[PDB]
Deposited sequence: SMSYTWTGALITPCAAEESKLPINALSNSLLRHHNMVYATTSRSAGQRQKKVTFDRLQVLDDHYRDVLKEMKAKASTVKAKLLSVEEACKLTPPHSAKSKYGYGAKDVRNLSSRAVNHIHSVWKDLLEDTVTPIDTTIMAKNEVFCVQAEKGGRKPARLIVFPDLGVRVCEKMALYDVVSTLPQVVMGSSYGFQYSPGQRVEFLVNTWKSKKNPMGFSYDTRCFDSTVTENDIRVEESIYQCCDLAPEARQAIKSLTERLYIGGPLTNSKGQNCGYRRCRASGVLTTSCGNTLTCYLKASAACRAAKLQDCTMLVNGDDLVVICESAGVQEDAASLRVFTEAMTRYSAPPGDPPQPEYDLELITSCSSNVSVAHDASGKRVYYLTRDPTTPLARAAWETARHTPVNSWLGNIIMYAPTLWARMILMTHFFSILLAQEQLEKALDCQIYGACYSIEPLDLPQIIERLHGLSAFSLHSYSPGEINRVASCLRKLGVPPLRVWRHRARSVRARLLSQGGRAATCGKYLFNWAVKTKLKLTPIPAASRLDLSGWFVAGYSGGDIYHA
């Protein structure tokens, strides 16, 4: 079966698109090599269309069915509740795409009778009709990158009214079920620090550890009708209200398995027979499906004492080594199995015998030292993309503030602390916008966050050590330095000088601003201050990427 069928109608933009890096008076202070930063646009949609369009074949063996049975048995212990219209409404982001039927996100959030009425009618229709394909909009995402150009990723999503209904039927399910089914393997339950702790303990729990990342080629497109029905069969194992069961059956048949694709101008672009990137179940479904195929493939490959870590289409396995030559062979068998299950790799997996050499989600484990000189493990990543996005956000206001999310998630890193914090706090100071709440994304979910709360947020997430890490590894230092030269970003010494100023300015403001000065920029002074201790329950429960989820 073909992932997509196309009519030849173009994937069209809904507004003005910019590909070239906007430049203002601040731009040069961060980044000089402007021509290396670009944004994807609808102009490259055609290229993406070719990539995501292929035939899927699937061969399902006993290992696959064995694992599925196990997953279903765990899923049967889950009790999930229906959300009320109001509850689902409050989970809708302020700037979420408006409905075609005469109301928008703010109407939904305010429980306006027009919105509520339509939503009830969508719900009723879901309950009564289990067959009629539901319309979706196909759009080209506008995302920023550094050269070496990627074609635009595609987003497929249904009407606002349907999205509120998804929340009603499935929000509790997708929030609770994956952890129960996958246990410690479910990657969205961990903060970055907890993730590192899990990886380290896991690595040490093997006598002779080996590990690898496995990255599927165009995972969404590899998801078949079977996979999506199998996901549904798992959801349906839950203790559910009858109404919820029907809605989940309906949504699966009418939306999740496939449907017609319509562009922004209302033209039929074609038909989808794979994973929709812009539905509530996208994260949960990809994670379950990846876990299922990978667990089964582990058994086929006879890997010993396998510990898996899975989030969305991203997968890492740590296991007991059987020797270099044996391990290499086992991975080929793993890859063969995965491919038979419709999930071939983009790049072949490689066994690693050092935790820090394993790369996944563009990230790796690295080591620094705390104030006492004790070794502290932390999550870092290549800073190229974050820095390119920071440059764009320097000159343009964007819906998602990647710099803020990056500072939160990668707070312990040399690059987040020295460059991102220094730069954006300077900007915020100059505009007196420190108290202004900003939208950002945490594991696909949108939060509104005040920059002045960063120290508190960082302490809670990463610990107090995040503010005093030093003696970074030569490898990490060199990667950062190299990236800086590549992008024409000033060297770290300049940022140290700038941070001293930013710190001083912050301290002068007093209050919460002063605390930002104290904790965020303690690294910038010679004679360090004594750093002592200075809501977040929903933050690291589940993945909601593409799921249209918002929180306060």
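Chemist: Which ranges of the deposited chain go unmodelled, in order along the sequence?
Modeler: Several stretches lack coordinates - namely 149-153, 540-545, in sequence order.
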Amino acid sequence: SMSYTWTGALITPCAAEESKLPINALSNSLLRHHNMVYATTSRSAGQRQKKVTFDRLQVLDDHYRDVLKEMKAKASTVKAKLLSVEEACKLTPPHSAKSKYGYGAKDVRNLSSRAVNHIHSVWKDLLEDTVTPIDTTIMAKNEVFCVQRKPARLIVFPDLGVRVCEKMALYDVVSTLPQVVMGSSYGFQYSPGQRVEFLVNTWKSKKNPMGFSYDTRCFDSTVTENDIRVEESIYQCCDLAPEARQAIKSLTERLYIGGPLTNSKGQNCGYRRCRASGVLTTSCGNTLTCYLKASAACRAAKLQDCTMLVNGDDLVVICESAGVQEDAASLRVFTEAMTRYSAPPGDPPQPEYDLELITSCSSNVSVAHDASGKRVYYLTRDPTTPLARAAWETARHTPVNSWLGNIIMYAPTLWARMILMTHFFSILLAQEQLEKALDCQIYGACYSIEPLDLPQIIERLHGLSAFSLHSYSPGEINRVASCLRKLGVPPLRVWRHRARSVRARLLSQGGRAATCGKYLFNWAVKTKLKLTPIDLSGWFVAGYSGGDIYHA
From here on, numbers count along this sequence of modelled residues.
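Chemist: Averaging only over Cα atoms, indicate whether 67-75 or 339-347 has the higher B-factor in the PDB entry.
Modeler: In the deposited entry, the stretch with the higher C-alpha B-factor mean is 339-347.
Chemist: Give the stretch, out of 200-208 and 231-239, with the larger mean C-alpha temperature factor in the deposited entry.
Modeler: Comparing 200-208 with 231-239, the higher average CA B-factor belongs to 200-208.
Chemist: Per the coordinate record, which of the options 166, 352, 220, 225 holds the highest CA temperature factor?
Modeler: In this record, 352 carries the highest C-alpha B-factor of the candidates.
Chemist: Looking at the C-alpha B-factor values in the deposited entry, which of 159, 253, 326, 172 comes out highest?
Modeler: Spelled out: the listed residue with the top C-alpha B-factor is 326.
Chemist: Is residue 468 in the lowest, middle or highest third of its chain when residues are ranked by C-alpha B-factor?
Modeler: As the PDB entry reports it, the C-alpha B-factor of residue 468 lands in the highest third of its chain.
Chemist: For residue 475, does the deposited CA B-factor place it in the lowest, middle or highest third of the chain?
Modeler: It falls in the middle third of the chain.
Chemist: Which third of the chain holds residue 41 when residues are ordered by C-alpha B factor: lowest, middle or highest?
Modeler: As the PDB entry reports it, the C-alpha B-factor of residue 41 lands in the middle third of its chain.
Chemist: Of the three thirds of its chain by CA temperature factor, lowest, middle or highest, which one includes residue 21?
Modeler: Its C-alpha B-factor, which the entry lists for residue 21, ranks in the middle third among residues of this chain.
Chemist: Of the three thirds of its chain by CA temperature factor, lowest, middle or highest, which one includes residue 430?
Modeler: Residue 430: CA B-factor falls in the middle third of its chain.
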